[PDB]
Amino acid sequence: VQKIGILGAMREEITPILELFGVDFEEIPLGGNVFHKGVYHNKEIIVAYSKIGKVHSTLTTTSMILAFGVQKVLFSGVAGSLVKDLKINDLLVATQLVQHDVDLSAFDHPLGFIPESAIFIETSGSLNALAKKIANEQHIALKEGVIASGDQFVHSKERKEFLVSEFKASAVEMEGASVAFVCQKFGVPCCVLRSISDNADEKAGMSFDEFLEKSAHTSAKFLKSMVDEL
Amino acid sequence: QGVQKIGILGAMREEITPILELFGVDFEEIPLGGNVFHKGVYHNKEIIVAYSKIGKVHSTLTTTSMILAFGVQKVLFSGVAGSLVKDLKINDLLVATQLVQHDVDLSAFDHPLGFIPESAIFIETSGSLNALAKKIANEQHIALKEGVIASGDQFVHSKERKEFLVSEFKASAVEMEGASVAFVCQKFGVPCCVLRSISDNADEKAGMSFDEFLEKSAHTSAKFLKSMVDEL
Ligand SMILES: CCCCn1cc(CCCSC[C@H]2CN(Cc3c[nH]c4c(N)ncnc34)C[C@@H]2O)nn1
Ligand SMILES: CCCCn1cc(CCCSC[C@H]2CN(Cc3c[nH]c4c(N)ncnc34)C[C@@H]2O)nn1
Ligand SMILES: [Mg+2]
Ligand SMILES: [Mg+2]
């Protein structure tokens, strides 16, 4: 049987996932998370929100893999746009991810780099190819690019522009890199999907509060369409 | 259950080398999630030793693996740290009373720095283990300080950042893993003790000081950690 892990960061990012799948879920508490376990089209689906940020998302992804035996992990949620062509509600699939707030420059390491790791973490080529194929079939724009993750909500021109100049990132969030990193360490295929909620600038807090629901639903609907192909 | 299982963590290989040597028992090496776990028996206790690799994500992963895959009932962390206070000198030992993720910033939503919804700024460690540390330090006639440790994904090497950590969090030392290790332990209800020996002063010379004192400071912490395990 296929076991698929489905993650968001916030409750609001998984509410539409649970609703759209429309099946009965058993709630299983572990490590401060609640995992929603159900069956959908001959697949076991395990849905959870990690809570915000890198430590939360690292923990939850590790629990999904070790405790629930998931064979793939699909992340769905919202993100800040760093580029003019990614508008509110647009979908992005992460090709690579970086931890943008990592700084070991005192030892002459590039920003984002940790010894025994890499700046950029890869996601699954096969899953990203699937996303692109289905987006083309649905006539929805799906961009691909680098996502930057850190433990700060970005809401300034200065920081946005650093993420673009340093990492060539297209979007910013607080969990993708950690989720993809854990999946890489365990050899588990990972796809990170995000819908834009804000422009990561001085108005981002207000934009985020306004568009979280709609953008979360947009990502959730696309994630469901991916699970339908697995 | 019926057997005691103790997880022992460092961040870097250099922090666990003296731990493995000092325990002096045979370890089985078990690979999982990009870590190697060293599993042995010591004084009727199962000990599982690993280095996580540097920073918050690495240490979160490894601690979660220790708990879920190896069933550890306690986690003891040993390693080095930057001093933020004049009375913590190179080689001095500190036990963390509470820890904070100093680089967390959700201030755009009016949250205090360090705070994430559904969590807390300060993460507590085990009172019983910290009390044990203080008791044995007094017996050994070694100075053991206690205080707040700040953890983030930056090596701190500036006056400006040091002073922020003191003013914002009243931190005594800085490192890149303690808060994440303690956080994971809290989520799983596992007692945690974080021990650090000072390697540098988290200032403009910290890189050079760290390279000089990593080995000695790591050994100082490892030796103290072993003395704790001897009392469990
Ligand atoms: C949850 C408790 C209820 C009260 N409450 C809600 C909140 C909201 C905290 C949201 S932190 C951000 C989320 C969204 N998410 C993506 C994101 C979108 N835009 C971003 C940006 N500009 N910078 C960084 N990340 C983002 C990151 C984090 O999970 N604070 N208190
Ligand atoms: C396997 C190849 C390793 C090659 N290599 C080693 C290195 C050194 C990286 C060291 S990062 C720092 C370690 C030590 N440790 C504690 C620490 C002590 N002082 C601190 C300070 N001032 N600020 C923050 N943290 C510290 C954090 C991290 O594990 N770079 N390349
Ligand atoms: Mg088809
Ligand atoms: Mg001052």
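Attention in this report is confined to the structure presented alongside it. (Residues numbered from 1 in each chain as written, not as in the entry; some residues may be left out. Chains lettered and ligands numbered in written order. Heavy atoms only, no water. Residues with missing side-chain atoms left out of burial classes, pairs and counts.)

## Considerations on the overall build of chain A
What chain A contains, in helices and strands, is 6 helices and 10 strands. A compact globule built from 230 residues should have a C-alpha radius of gyration of about 17 Å, and chain A, at 16 Å, falls within 12% of that. The C-alpha extent of chain A, read off along each of the three principal axes, is 50 × 40 × 30 Å. Long-range contacts, defined here as pairs at least 24 residues apart, represent 77% of the contacts in chain A between residues at least 6 apart. (Helix = DSSP H or I, 4+ residues; strand = E, 2+ residues; numbered from the N terminus. Rg over C-alpha atoms; globule rule 2.2 N^0.38 Å. Contact = heavy atoms within 4.5 Å.)

## Looking at the pairing of strand β5 (residues 74-83) of chain B
Residue and element names in this part refer to chain B. For β5, the buried fraction is high: 9 of the 10 residues fall into the buried class. In terms of strand pairing, β5 meets strand β10 (residues 192-200) through 8 bridges, oriented parallel. Bridge pairing in β10 links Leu 76 to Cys 193. As judged from the 2 bridges shared by β5 and strand β9 (residues 171-175), these two strands associate in the antiparallel manner. From the neighbouring strand, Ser 83 faces β9, where its bridge partner is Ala 173. (Buried < 20%, exposed > 50% of the residue type's maximum accessible area, 1.4 Å probe, protein only. Pairing = 2+ DSSP bridges.)

## Considering the site of ligand 1
Within the structure, ligand 1 sits among 21 residues, and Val 78, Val 154, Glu 175 and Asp 198 of chain A together with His 111 of chain B are positioned closest to it. Near ligand 1, the surrounding residues are drawn from chains A and B. Contact distances for ligand 1 include 3.3 Å between a nitrogen atom and a backbone N or O atom of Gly 80 of chain A. A distance of 2.7 Å is found between a nitrogen atom of ligand 1 and a side-chain nitrogen or oxygen belonging to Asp 198 of chain A. Isolated, ligand 1 exposes 700 Å² of accessible area, and the fraction of that covered by the protein chains is 82%. Where the shell around ligand 1 is concerned, the elements lending two or more residues are β5 (72-81), β9 (169-173) and β10 (190-198) of chain A. Here the shell around ligand 1 gets 3 residues from one element, more than from any other, and that element is β5 of chain A. Across the shell around ligand 1, the residue classes break down as 14 nonpolar, 4 polar and 3 charged. (Near = heavy atom within 4 Å. Polar contact = N/O pair within 3.5 Å; in protein donor to acceptor, adjacent residues only side chain to side chain. Areas by Shrake-Rupley, 256 points an atom, 1.4 Å probe, with all protein chains shown as cover. Nonpolar A, V, L, I, M, F, W, Y, C, P; charged D, E, K, R; others polar.)

## Some words on the site of ligand 2
The full set close to ligand 2 counts 22 residues, and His 109 of chain A together with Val 80, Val 156, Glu 177 and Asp 200 of chain B are the nearest of them. Proximal residues around ligand 2 fall on chains A and B, making this an inter-chain site. Between an oxygen atom of ligand 2 and a side-chain N or O atom of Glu 177 of chain B, the distance comes to 2.7 Å. Within the side chain of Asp 200 of chain B, one N or O atom sits 2.7 Å away from a nitrogen atom of ligand 2. A total of 720 Å² of accessible area belongs to ligand 2 in isolation, and the protein chains cover 80% of it.

## Topic: helix α4 (residues 159-169) of chain B
Residue and element names in this part refer to chain B. Buried within α4 we find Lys 162, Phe 164, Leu 165 and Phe 169. Buried positions in α4, seen along its axis, are confined to an arc of 160° and lie on one side of it. Along α4, exposed side chains directed more than 90 degrees from the buried face belong to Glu 160 and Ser 167. Packed against the buried residues of α4 are β5, β6 (93-101), β7 (122-124), β8 (144-151) and β9. (Arc of directions from axis to C-beta.)

## So, the interface of chain B and chain A
Contacts between the two partners involve 39 residues from chain B, matched on the other side by 39 residues from chain A. At the surface where chain B touches chain A, the tally comes to 2 salt bridges. Between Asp 151 of chain A and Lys 56 of chain B there is a salt bridge, and its shortest N-O distance comes to 2.7 Å. Counting across the chain B and chain A interface gives 10 residue pairs in polar contact. Of all the elements in the fold, those that place two or more residues in the side of chain B that touches chain A are α2 (56-70), α5 (178-188) and α6 (206-229) of chain B. At 8 residues, α2 of chain B tops the list of elements feeding residues into the side of chain B that touches chain A. (Salt bridge = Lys/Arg side-chain N within 4 Å of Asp/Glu carboxyl O.)

## Describing the pattern of salt bridges
Residues and elements named next belong to chain A. Throughout the structure, instances matching the rule amount to 20 salt bridges over all chains. In this structure, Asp 85 engages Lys 143 in a salt bridge whose closest nitrogen and oxygen atoms are separated by 2.9 Å. Of this pair, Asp 85 sits in the loop between β5 and β6 (91-99) while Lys 143 sits in strand β8 (residues 142-149), and the two are 58 residues apart along the sequence. The exposure class assigned to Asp 85 is partly exposed, which follows from its relative accessible area of 39%. Overall, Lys 143 belongs to the partly exposed group, its relative accessible area being 30%. The residue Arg 194 makes a salt bridge to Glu 173 at a minimum N-O spacing of 2.9 Å. In this pair, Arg 194 sits in strand β10 while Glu 173 sits in strand β9, placing the two residues 21 residues apart along the sequence. For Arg 194, a relative accessible area of 1% translates into the label buried. Taken together, the salt bridges that share partners define one network made up of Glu 13, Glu 173, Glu 175 and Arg 194.

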